[PDB]
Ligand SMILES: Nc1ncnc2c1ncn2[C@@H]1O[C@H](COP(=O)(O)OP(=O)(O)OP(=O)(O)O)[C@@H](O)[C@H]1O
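In structure tokens, the next block holds one chain alone, the form deposited without the named molecule.
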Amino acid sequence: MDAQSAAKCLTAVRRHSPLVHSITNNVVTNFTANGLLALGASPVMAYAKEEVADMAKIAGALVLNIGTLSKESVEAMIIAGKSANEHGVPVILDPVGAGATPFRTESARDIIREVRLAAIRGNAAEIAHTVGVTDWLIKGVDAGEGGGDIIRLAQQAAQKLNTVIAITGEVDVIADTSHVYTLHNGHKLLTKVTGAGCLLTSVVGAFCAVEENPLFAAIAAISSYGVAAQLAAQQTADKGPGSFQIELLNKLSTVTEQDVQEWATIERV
């Protein structure tokens, strides 16, 4: 895929306005919903065991996030995932905090055993503890803590689970069983807005609802989000993280196809 192609998937999402069902944490519910609305999609949050199966079956995509998990919410995520798997609705997982505490690592591993996933998104450490692999990294600072080792972790995980693995960082690495790509987009102010990464996972869900190949959907989602963020930072930079949060939402609704073609960097490895 290329910048031109990613830009086309963005226009598709806006034309179809897919329904994205989220079972997420309570620190990012409002931001995630506002971001999806700004982008042009339709968000819906539902967590009760008596309704998740019914809501998941009528959605375009299902997004699972364990940020502030509980025994009952993990049980609901699995019931919802099974329902989506039965009706052909792509499911995306964000294993927030996997590795930080055993309860999170356990819940993450349980979900991947019971639900077939179209994609998994998180930092290096979160992905390694979820799949149970090697190569350890949190995010990195400068120079280079290892690029080939991250590329290797991504491919190994993707091959074992037969899904798409997107490891985010200053440089994004995305891969499926037989392909690997590195992405250069975004701005550091995204680290000062809670839920920024989570919103990205939901946007990936929106793109998967309109593009059949999950690898292409993920690449187009991450490239579009990153360009919106950079353009927002240019207008937001020395004002602060408060103004950036608001301008990010504005840009998610005004970013064009030409913008993505000009500022998104996609490289096949």
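Numbers for residues come from their place in the sequence shown, where the first is 1.
Unshown form deposited with the named molecule bound; subsequent notes refer to it.
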message = Counting 3 or more ligand atoms within 2.4 Å of any backbone or C-beta atom as blocked, would the named molecule, superposed onto this chain from where it sits in the deposited bound form, find the site open or blocked?
response = open
The named molecule in the deposited bound form: contacting segment from 127-135, 167-175, 83-91, 110-118, heavy atom within 4.5 Å = 167-175
message = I151 versus the named molecule, in the deposited bound form: is there a non-hydrogen atom within 4.5 Å?
response = no
query = Can you check whether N123 is within 4.5 Å of the named molecule in the deposited bound form, heavy atom basis?
reply = yes
task = Using a 4.5 Å heavy atom cut-off, state whether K71 contacts the named molecule in the deposited bound form.
result = no
request  = Check whether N185 has any heavy atom within 4.5 Å of a heavy atom of the named molecule in the deposited bound form, and answer yes or no.
outcome  = yes
The single option of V180, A157, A196, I78 touching the named molecule in the deposited bound form, heavy atom within 4.5 Å = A196
task = Only one of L200, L215, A61, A41 comes within 4.5 Å of the named molecule in the deposited bound form by heavy atoms, so just point that one out.
result = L200
